[PDB]
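All remarks here apply to the structure that follows.
Per-chain numbering from 1; labels A, B, C, D and E assigned in written order.
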């Protein structure tokens, strides 16, 4: 009965824009679960002769969304949603126009699981 | 309500509703993949007509349909590892070897008609009348056996196991069913017939340098892999057939034989490119992408150039407008693989020629390289740079119809992400023509059986089922293992 | 020996004079020459009843003829009673069916352990790092690198629980180096062997360091045996790159990639010719010395006869039931050509009698040592072999049940020849002496009974005597080196199992630490393997009782 | 005097590729040798170059005509070890691409071993020869600090969408915008320097696309570049016939 | 060691010819036979045309649908021969000969010996012949640029995807070198039906040529160094080449009503008369153990007796089946009745045991005509047991199933046109 969507910003979001964006999406009605995928942000070099060194990435910040602190391991460059109705898909695409300051894509289909695991 | 953080972007099986994590498509964690390889590995075809000539000459027997019924029942008893002649011996447990059986398919319509219909693969029933006519014309009025030895025996052994086991049990079943002596020259002739003279191996034996043997994935040429996949028998979409062959070949070659590919059978990118290619070919070449032997265009350099360049440009535009599969931490060699597969399948569908598909593959690779300045990892570029000049050469070590190519081909010997595309191209060369088989009708009819634990009609769907812990493979030893 | 003769008699009692299942054989005289055949059919076994029921049920379920004992010509199997088998040197009673390698999990696990194991030399990689990379290797660095190797080798995309049997260990001839290294990754030659055995091992491997690599069993089952070397090489390269802080991509690191991947890689087996084409790590290329070394009976026992016999048992099983029984042949199997040499103690009885005879005639020449051994001559071989063969023949002719047990002549010929060859190699300390005694035993058997064996059992035994001492090109190798790919031995059963036990005896009687390869003796000197190579014959019995848990099972990724 | 053309194409990307291959780049910034050595992270800045073998002057050489005729580079005459400078270029109009960065290296510098991947372009050479090549590549328009940068390990980020402020993504942060300029503060292996290296400002998106060598549908697209397509078709056609019959 | 060589009619060819002069590495005719086997190859024009027309190429059951080429190769076989000779030949007027055999259906390509001296082994003949035929097809029949693969694989089968030309239509007397069981075994890898067909079913010609190949391959494999050179040359002279007419004398004297036992009596009588063995000890029961004064000579006598007995048994029965039992039981009863080892010291007897097993059981092998010197079953006798197999096959009368025609029709048709093969004993002598 549900439909599930992804938002693909043309530029990998910084934590601040991702901070506000994800924050009010949780206020959006009709979301079962959300996903944010993108490049990882290591806290230590794990390859090369400079292995085992401290890396404090500018993009690794404790985003404050919905009164919750989340430590980004990634630069959110893909957001897949979960909505039980299509009339909220109009809502989700609408909000991404206002507070994502650049061009983005918006598809629909089976994205997260829709399948048992383990 | 929940917030997920992951950086691996789970794959969704192409043309399906199943999304599987990237580590569920590894053949170690995917039982369907292993079962596919087991079915291909444990399967062999032995003719019944040369043994019948031996029986009728040496012994003076009469080989009637009732004797064949008795002999086939005997053989289906003896093939799973049971004794039929002498006494006081062991026999493989019927629970552990229940995936073993022997069936006969024949180009003789009558001889198939009065044989017990539990041991017969009916060509007319399984195939459309045009494909059935093609198959019967190809094989003649000859009978063949489709032997599938136990999964456990093939797992505990190599792919060289199959012909030996099948020949031993065929000889013993002849001995039991035709009332001939346990040891006599006629028995040897039957053994030599089954083992060599009338045996069709899934793959041939590899050279010394490749430290592996017969009936392995390296001997399984692209024509045999096309014929094993049973989409050309089940559906008429000439592009879906090629895409299914690509999806199965990428797994079987890259993941197992060479030890990435996933993209070819995931996310429906190559499928979209191929369908656009078919539409373009129909629009420009008077619908040559449709089924048929006359509507195909003669394969020339201009045609392949047009088709391959257009396919590559469309793929590049689609990537550059909505990448959605890049950013994988490992580069973009799969981009080149997908583009080349699309171009080659389009060229094959339009021309009905496999080497035209190969030329499209290489032209797409070159257009990729010149448009982006990327081509892949260190490897990868070898095969393309070479092979572009090896498509039409007729020199000895270079040049073969694709159908007769395979992982043991010199250029294709070591690198990943290419051989599945070639199998798909070889399939598409004939699928658009509506042909019953690619290069071997015996393999095409041998795998038109529904008792296989693996569905060779939908290979990619089988991988999807395997990835979600809903595929039951054979060869499990739970009976003998402690609880 | 009287004690072994007693256990032989007890085995015949428990086999014929005692009833098994429902064959109604209770009562009888194991020295008697007559019996009455009840003709109860295969339904007398009970286990065979299980097989019949399962086959019929599968026949209804699937839709084609599967397994009907009525399609045995004449009458079904078992017109004479189904008497059990007893594993030599133990008391576990096994049905014949449970000793078919398809039906024995431990029997499969043995080959899945020899197949998936590899040993990669490690001095050259450290030397390359030190010299041409500046990254000095210190035992802390080796500890970290072996930690990285140990779980990367399982795959790290391989399932965490599906590859639990995938580990790597190291053993070194450098005594001071193995002391610091974390003992979870070290095979210590000084405390897994005795002082003299470990002394010979260290003397033969020198100051070198080696890795024992075991890839997942499911990976070995899915692919062939030639995947082991490549899996190990790739995991070794990954561990070197990820444990020594080296960039992947520069040219100089490729020299190390070669050195650590495959410059000092020792394969269990090798390539085979065309008819039997196969690659490395298949039983056709596994030497007799390599099988002698994979069996850790020498490491954990001082009795030479027991060591030779244990090697014979495992050998027959690997080379007859798996190699010739399945790869080259397939079919029902060759389980009963093989159970002769590791069941019912006829071989043990003959060999212990031969030990007594040699010690009585040659002043304990069959006892452990290296100086008491008699020099190998034709007279010694003729003497020992003939007496051995004559005694074995007298035992078959004196106990009719022992003759009926090895009903086919091939089993009897194999038992006699194995006993004679093992005795000769024990007395003389020469493996080829054991071989020549084997062939003389075959000749005495043939001339005494007027029948030797199956149609082609005499091929390598007619070719046997003359090729033992030849130094021509394709004829002649010390036995320790010979194997199933040897030209005479390539295609016949009932021999290759006993041949390995012959070579083991030539060195077992001397108290030797290893037969042909020390890297194998130490590589398999690890009690962490799911299979126990210290006593293999006890392992087959354990499998036949459904009490052996192997590796490579896919139950976690399969519907239940 | 055969005047090389270096590439076919009348579009802007054609001229840019001809410039990259030909080495006629504009020195768009400047970087000090001590700073360059520090950023390469191969050794301590301001030291003599370690050698893997003694100088060829004293090491002695065989009577090879090629050795007598091919003057060894200064970095090899002193027996310097072999070292590498690695770059990751963005497909979003970054001024260079792996194959054409490699063409520049192989046309402009002796004794070089360029290696091209889809996300890397390693230049491996004797230590001071690679020093020269890295300085040229960093100081000129070929390298845009925002859309490029040295990356010795974990080079992921060439095909990732640029940062929201127009810098190519990096997992290790070998450089980032600081006060409107690119400041590189780690080696190419991502263990920090003792200092801060100023690479100038990142060239704006418009002029970046003006001086790019990637073919994109946004900017000049490959489809309409009939010259490049014609070249590719001619090369592929010649390959196919001459494989069939070399005539 | 001097013998006489007698042809298959029992006539005297050459008198007193020294044994060492007859070795593979010294005899000119044997060297020429080796060179011709190395360089000559046979092409099936009919099969090429059939594969082109029907697309049935690349092995067993393979057929490419929709790419059939309709060329009249058989009709224009003469022009094809001329152009293939033009391509193959290294220099004009050299030893390159191409003949059209049997009305255009097949060709005989004998590449020049320079291509042999300028390469490591014999495969240059096969590869150059296949390349020449493919090139001539593409040339004279105007094959399109995109139809080149089909014309190539109508000659080359599945190579390089397969090690050999599986499904091809060009083949030689010897298989590919990758199929050897050991070092130097290539000359031994000629199946029995090939030798039977080449000599047009002449028993003492098939035996002679098979023994020539076997001894050439055993010299190549280091089997004749020192005293073993004499050991093998005596066997070759006595068995293969009819030394002093012993084999044919025995055949005549035990032909009408002979058996294995009478041939054993003949061999032992000739040995005792010539002095090759004499009574060493006499047991109390009257049995006289014999001792071999001349051990290589006794081995030669055993081999000659083995061949003669195979002749007698398989000619009385007219079945090539009996060869295995003849080879086994002649030597076995010879050991029992004289007290000495059989031919090749149990090696021939064991090869006969294995070859009788594998031709009489479910485990492989086949008829006597599918066994060669390289076979794992019969690679053990040092050149003394395979000649008997080839002679037996040549001496069959329609009893076998896998007959000479079925397995070696092309080989027989093409290579039966060389006199050095139809008359191997005359060539060697």
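We adopt the following convention: a residue touches a chain if its C-beta (ideal position, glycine included) is under 8 Å from a C-beta of that chain, and two chains touch if they have at least 3 such contacts.
Composition by chain, UniProt nomenclature: B, C = Methyl-coenzyme M reductase subunit alpha; D = Methyl-coenzyme M reductase subunit gamma; E = Methyl-coenzyme M reductase subunit beta.
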{"item": "Most contacted chain pair (by C-beta pair count)", "value": "B-C"}
{"item": "Most centrally placed chain, judged by C-alpha centres", "value": "B"}
{"item": "Subunit B and subunit E: spacing of chain centres that average the CA atoms, whole Å", "value": "39"}
{"item": "Subunit C and subunit D: spacing of chain centres that average the CA atoms, whole Å", "value": "58"}
{"item": "Whole-Å separation of chain centres (CA-atom averages), subunit A against subunit D", "value": "34"}
{"item": "For subunit E, residues that touch 2 or more chains besides their own", "value": "145, 148, 178, 358, 360-361, 363"}
{"item": "For subunit D, residues that touch 2 or more chains besides their own", "value": "115, 152-153, 156, 160-161, 189, 240-241, 244"}
{"item": "Subunit B, residues touching no fewer than two other chains", "value": "167-168, 172, 183, 205-206, 208, 301, 327, 329, 392-394, 398, 469"}
{"item": "Interchain pairs in contact, sorted by label", "value": "A-B, A-C, A-D, B-C, B-D, B-E, C-D, C-E, D-E"}
{"item": "Subunit A residues touching subunit C - in the complex, by the definition given at the top", "value": "47-52"}
{"item": "Interfacial residue positions of subunit A with respect to subunit D in the complex", "value": "9-14, 17, 39-42, 45-51, 53, 55-59, 75, 77, 102"}
{"item": "Subunit C-facing residues of subunit D, complex", "value": "52, 82, 84, 86, 113, 115, 120, 122, 124, 152-153, 189"}
{"item": "Interface residues, subunit D side, partner subunit E - complex", "value": "240-241, 244-245"}
{"item": "Touching residues (chain side subunit D, partner subunit A) in the complex", "value": "41, 152-154, 156-157, 160-166, 169, 171-173, 176, 186-187, 189-192"}
